[PDB]
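Chains as they are written, first to last, in our numbering: chain A, 1 to 1139; chain H, 1140 to 1155; chain U, 1156 to 1277. The beta-carbon is built from N, C-alpha and C at its ideal position, and this holds for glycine as well. Notes to accompany the following structure.
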Ligand SMILES: *[C@@H]1O[C@H](CO)[C@@H](O[C@@H]2O[C@H](CO)[C@@H](O[C@@H]3O[C@H](CO)[C@@H](O)[C@H](O)[C@@H]3O)[C@H](O)[C@H]2NC(C)=O)[C@H](O)[C@H]1NC(C)=O
Ligand SMILES: COCC(CCO[C@H]1CC[C@@]2(C)C(=CC[C@H]3[C@@H]4C[C@@H]5O[C@]6(CC[C@@H](C)CO6)[C@@H](C)[C@@H]5[C@@]4(C)CC[C@@H]32)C1)COC
Ligand SMILES: *[C@@H]1O[C@H](CO)[C@@H](O[C@@H]2O[C@H](CO)[C@@H](O)[C@H](O)[C@H]2NC(C)=O)[C@H](O)[C@H]1NC(C)=O
Ligand SMILES: *[C@@H]1O[C@H](CO)[C@@H](O[C@@H]2O[C@H](CO)[C@@H](O)[C@H](O)[C@H]2NC(C)=O)[C@H](O)[C@H]1NC(C)=O
Ligand SMILES: *[C@@H]1O[C@H](CO)[C@@H](O)[C@H](O)[C@H]1NC(C)=O
Ligand code: NA
């Protein structure tokens, strides 16, 4: 007995199973928001089982006054914590309030302790955070240096409001009304304005004054370094950043985009490269060390009737006749749409019985001659019989409502193509790998998302309902809240999709800033780390005549010359730069307009005359085999046709007026002229067959979700609105289309309106799923799906609530696994394209490698003993003390004291605070001048051998200029906007802290190694931005000022068009620019707006050329930016390899 | 209600 | 947050002749706007008896000066600090009964209700 007796129980797997299902039983009970009265005795059972499980474990280890037992394992501390908490609420009088019911989720962390294999994975993710320690010092350094730049430039600028000067307590009392400001179309956020020109204007009778709260809830500002640190972390995660972009340029001016282009490039690009490169480097040596470690007359006539069956489908193409009946069955289901008439639905409904009949007969005729139950042995035939069963269950009832989603479950036979099509099989192997060999890692991701959803629903769930009126319009819950488990799963799933900022404003407004900052930042640090490891583990396991000939030489010497190539490239850049001047204003100028019209002939007659020189110097055989001469041949033909129609007499026609829009192709002549653009194009077009075989899978795989979307939706996004206000009628007022047509005939203001990106077609379904896959536009589509009630009925709020699980499943499968198969094919083609060349480092040219192979030699070496001295004087004993580490470390500490005294600046601080901060910034300037002028006395001869002393001298001078010329600013010709900029020179002192940090310098050097290859790709992306800015400026300058197009950010001029194409290149808010362009006719737009003084009439858009504009720019910029990530992250593998 | 043309009246009202 | 939490003693036992503070705090998440905040204090002899309002907050304290109660009753709270307590000076045996506090703090949706059973000891 004794120890022997109470020990056996501990070892059996039967004892580890009832605890493992007790936790899973209780994890279901954490889901319930209000616990009922009857569940309380079940909560006592769970406390009894966990006591008994720790009773067998105290009685197994050591007895008779022998210390403890399991007081060494970190997981029995969690068991001791959860027992001592579960009884402390049963100690007569202990609590009452009990705000920490959120310690009841600690027993949901006991799943790690009891499920076999989850201690290894959680212990392998903490080990990988230890590798990230040196990146996270550089990220917090760069988000501080960039947060001090915006805190000097944009100080409260976000509090400019546009106040009216009184039409019919002076100052404080008048500027604090919130009705004296100007609100644009009910935005509840008080338009921003600037006194600067190229800033936002105010309408007539208003002026801009800094007085008010701040945007969004008070949470968006650059006044109090903590708030500037929040908004540059929001620019680093690119999370709705394009509202922060457009707020700031409206009140600072449109020339401060240079801050935003630099901070998206240094912060959102480089830091996301360096984080994802060091995680993938850490995981690469984890599975390497693991692999290395592992290295270290019944029967008679039954058979008579069978033989016949067997002697079939083993040689003719009757197993190939099924795969043509599947790809026909997919296409009949793809033709369903709304609204379709009868005699077309009759083809759809007779046709579905035909394929179902020959898929039920084909598996009946397969289980005759293949010996069941050795039929349920292959797996595909199990999969075949499962689809046939639910197809007859769907036909057998036809009463499911709304459970007819199963008529989309016959779309799942398309995966039978993965036997022959070998890229669809790679898609199934990745999805099956998450459930299989990486199954315990996606189980940890299941638990952490579950725990984060239970925690925030216990902390914040009661505060949302008791504080509704702060964050909502009619004192009810918002679309996104945490009052139950399902909505608090959807917030936690959102954060993992990149949208963590908008929900955090509504938490901080309702539960305080400290408790919502700690929770939501932990969700997006831990949760984005686990998704990133599950992404890489799926990736690295899956691909684990006397005069006639004598004129030929003369033309050849011309085209081969060095003064002729430099002439044409000069003529190419001016022909393309002349395209930038064709604004709305070009009719009003009347002097640059006629210069454009003479230049449109001179440019054309040069590129004709140089073309005929290329015919004579080459011949037709040499010229028509160069593909770059084919590109220059087609551009002349567009120029020849519109010239010879403007000379024959065909001035205006539907084609000839539309060929003039094809002058935006004229910048494509620059591709064959530069070696930077030519190398990158040759490396993208070389990978183009690999992309097409993946894009074929992605179009087949998103076809299944899109035919599923037409079945759920397609007719159910129609609604009536009061169009004098634009708000959706109630279900009590308008129930359906019949009630609304009753209003319109009664002369009300109603419109049966659709959503214009919807699921009526398969083709419009592809456009709906691309707003959902990118996370731009997906709020509007999901609010319509969840309200979708039925065809011809008014939508009701969240009636079809569980249709979020459609969008969750598409983001898991058609965005997380679709992107996982795409990245794995480009990287696999990158290693073969780098191998076929011999070979090395594509996207660099031949000159650009020799600048690279010597810069590599420079950054990995160091000199020895530069130390002459000041020889023998009083200066020598000065040189003894100043060279010491005591003088070295005391300057670094005193720069850290300078970094803290810049963080204490605040908008609207006191005058006595400004003086103290001036006299301390005086005595730092005299100290750092005295530190560098002392180097000149006691190190006379050089001082300028190494770079950090050259850097130290210039930073001192610009600080003095910011002090010395500032006294001339109060004496002479003044501009405060130049005072904000020259004062930014003392942030250069902060950069001297990098001098000692070795390991950040390794990150910064392999950063600077990729600047040659990233320059070549950034020119091919500036050329595509420039071409798409000329298409959009000519097409979209007159489009109505709806959602994303306003008086400030539009396609009117070339400056306006380039700040909109830079925005779409991150993909930010491309749904908002597309929305006014999908307007075609009235009631929406007006085809006769007559905006003087131009011949052009109308403010409508073209939906056909706008979908081709935005969708094609999203795809081209996706391929060229994902080569930027590959070119940089592979440089980070090249310096860790040689070290 | 409020104007459904703002991103906030979307997310935080029922009228839209 | 289905209802807004009002903290009172369910039973308050006070000696005849002493002063009885009837404590009554609430937590409502919105700030107390004196131009909209509402407080009513009533008395009823029994759970199924008539309620007599004796003090109200509407812009300011209104003491109804009920004849049987007297002028003894006083406000003893601070609405901005979420305290709506009252004081009954020199308590008499007839003061025994039920005292109800009803609280509205717009735009908070839920109305609060505290109920105190005051018992007068010898
Ligand atoms: C943009 O430019 C305008 C005009 O240059 C600036 O307007 C001026 O703003 C001041 C306050 O900012 C106005 O108020 C004046 O100051 C006293 C302070 O006690 C106040 O009590 C009075 O009401 C008095 O009006 C001043 O009237 C106004 N001047 C004019 C000509 O409108 C504005 O400050 C600038 N805004 C920014 C952000 O630069
Ligand atoms: C097998 O041996 C090959 C080896 C290197 C292979 O390791 C790979 C590990 C994954 C990793 C870090 C690699 C390259 C591209 C990386 C991707 C670029 C994409 O960019 C993003 C961001 C922008 C979005 C548009 C989507 O794509 C990320 C999601 C994607 C990304 C960060 C996911 C992770 C990828 C390297 C070479 O050794 C010398
Ligand atoms: C549109 O909705 C109205 C109201 O729901 C339908 O009219 C009927 O209205 C009475 C009372 O108003 C209800 O008791 C009936 O149940 C309604 N009929 C139905 C079928 O719901 C009207 O029929 C609907 N239009 C159509 C074409 O069905
Ligand atoms: C559509 O919205 C308007 C705005 O609320 C509703 O109210 C009318 O508003 C106009 C203009 O402000 C007034 O002239 C009317 O007097 C208002 N109506 C009433 C009844 O007072 C309007 O009723 C709405 N219409 C529908 C059909 O919903
Ligand atoms: C609707 O308006 C027209 C205006 O021409 C009028 O003739 C008609 O009677 C109106 N009908 C109703 C039901 O208001
Ligand atoms: Na967001």
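Next on the checklist: Between residue 768/A and chain H, is the shortest Cβ-Cβ distance under 7 angstroms, so that the two count as touching?
Outcome noted: no
Checklist entry - Is any beta-carbon of chain A found at less than 7 angstroms from that of residue 1179/U? => result no
Item to check | Partners in chain A for residue 1266/U, counting only beta-carbon separations shorter than 9 angstroms | outcome: Under the 9 angstroms cutoff, chain A gives no residues; its nearest Cβ is about 13 angstroms from residue 1266/U.
Next on the checklist: Looking only at its chain, what residues have a beta carbon closer than 7 angstroms to the beta carbon of residue 367/A, apart from the 5 residues adjacent to it on each side?
Outcome noted: 375
Checklist entry - Span of the alpha helix (DSSP H) holding residue 250/A? => result 241-251
Checklist entry - Taking C-beta to C-beta, are residue 188/A and residue 208/A nearer than 7 angstroms? => result no
Checklist entry - Out of curiosity, what's the CA-to-CA distance linking residue 70/A and residue 81/A? => result 13 angstroms
Checklist entry - How would you call residue 946/A, buried or exposed, if buried means at least 16 neighbouring beta carbons within 10 angstroms? => result exposed
Checklist entry - Rounded to a whole number of angstroms, what is the C-alpha to C-alpha distance between residue 855/A and residue 900/A? => result 36 angstroms
Item to check | Min CB distance residue 250/A to chain H below 7 angstroms | outcome: no
Checklist entry - If you run the structure through DSSP and keep just helix, strand and coil, what is residue 1216/U? => result strand
Checklist entry - Can you tell me where the beta strand (DSSP E) with residue 1175/U in it begins and where it stops? => result 1175-1177
Item to check | For residue 1181/U, the three-state DSSP class (helix, strand or coil) | outcome: strand
Next on the checklist: If I follow the unbroken alpha helix (DSSP H) through residue 503/A, where does it start and stop?
Outcome noted: 501-511
Item to check | DSSP beta-bridge partners of residue 199/A | outcome: 197/A
Next on the checklist: Along the chain, where does the beta strand (DSSP E) containing residue 753/A start, and where does it finish?
Outcome noted: 751-753
Checklist entry - Could you name the residues, in chain order, whose CB is less than 6 angstroms away from a heavy atom belonging to ligand 1? => result 160/A, 170/A, 171/A, 195/A, 207/A, 208/A, 209/A and 210/A
Checklist entry - Taking C-alpha atoms, which residue in 445/A, 752/A, 725/A and 63/A lies nearest to residue 736/A? => result 752/A
Item to check | Inter-stretch contact at 8 angstroms, needing at least 3 Cβ pairs: the region 220-232 of chain A / the region 136-150 of chain A | outcome: yes
Checklist entry - Can you give the beta carbon distance from residue 1148/A to residue 804/A, rounded, assuming they're within the 8 angstroms contact cut? => result Outside the shown range of chain A (1 to 1139) lies residue 1148/A, about which nothing can therefore be said.
Checklist entry - Who does residue 1207/U pair with in a DSSP beta bridge? => result 1198/U
Checklist entry - Can the beta-carbon of residue 1275/U be found closer than 7 angstroms to that of residue 1171/U? => result yes
Item to check | Integer Cβ distance of residue 462/A from residue 1267/U, believed to fall under 8 angstroms | outcome: Not really, about 16 angstroms apart at Cβ, beyond 8 angstroms.
Checklist entry - In chain order, what residues of the same chain lie with their CB nearer than 6 angstroms to the CB of residue 451/A, ignoring the 5 residues before and after it? => result 105 and 108
Item to check | Distance between residue 726/A and residue 103/A (C-alpha atoms, nearest Å) | outcome: 46 angstroms
Item to check | Near ligand 2: residue 723/A beta-carbon under 6 angstroms from a heavy atom | outcome: no
Item to check | Residues near residue 157/A by beta carbon distance below 6 angstroms, same chain, minus five either side | outcome: 251 and 252
Next on the checklist: Give me the chain H residues within the contact set of residue 1048/A, using Cβ-Cβ distance strictly less than 7 angstroms, ordered along the chain.
Outcome noted: Here the premise fails: no neighbours, minimum Cβ distance about 17 angstroms.
Checklist entry - Taking buried to mean at least 16 other C-beta atoms within 10 Å of its own C-beta, is residue 437/A buried or exposed? => result exposed
Checklist entry - Could you give the distance in angstroms between the alpha-carbon of residue 487/A and the alpha-carbon of residue 166/A? => result 47 angstroms
Checklist entry - Which one of 610/A, 503/A and 998/A has the shortest CA to CA distance from residue 555/A? => result 610/A
Item to check | Cβ-based contacts, 7 angstroms cut-off: residues of the region 180-208 of chain A near chain H | outcome: 185, 186, 187 and 188
Next on the checklist: Using a Cβ-Cβ cutoff of less than 8 angstroms, which residues in the same chain neighbour residue 1144/H once the five nearest sequence positions on both sides are dropped?
Outcome noted: none
Next on the checklist: As an exercise, report each continuous alpha helix (DSSP H) stretch of at least 4 residues that is fully enclosed by the region 56-132 of chain A, in chain order.
Outcome noted: 74-86, 111-114 and 118-129
Next on the checklist: Under 6 angstroms: does the beta carbon of residue 736/A sit that close to some heavy atom of ligand 3?
Outcome noted: yes
Checklist entry - Near residue 1001/A, what residues of its chain come up, given a Cβ to Cβ distance below 8 angstroms and the 5 sequence neighbours on each side ignored? => result 994
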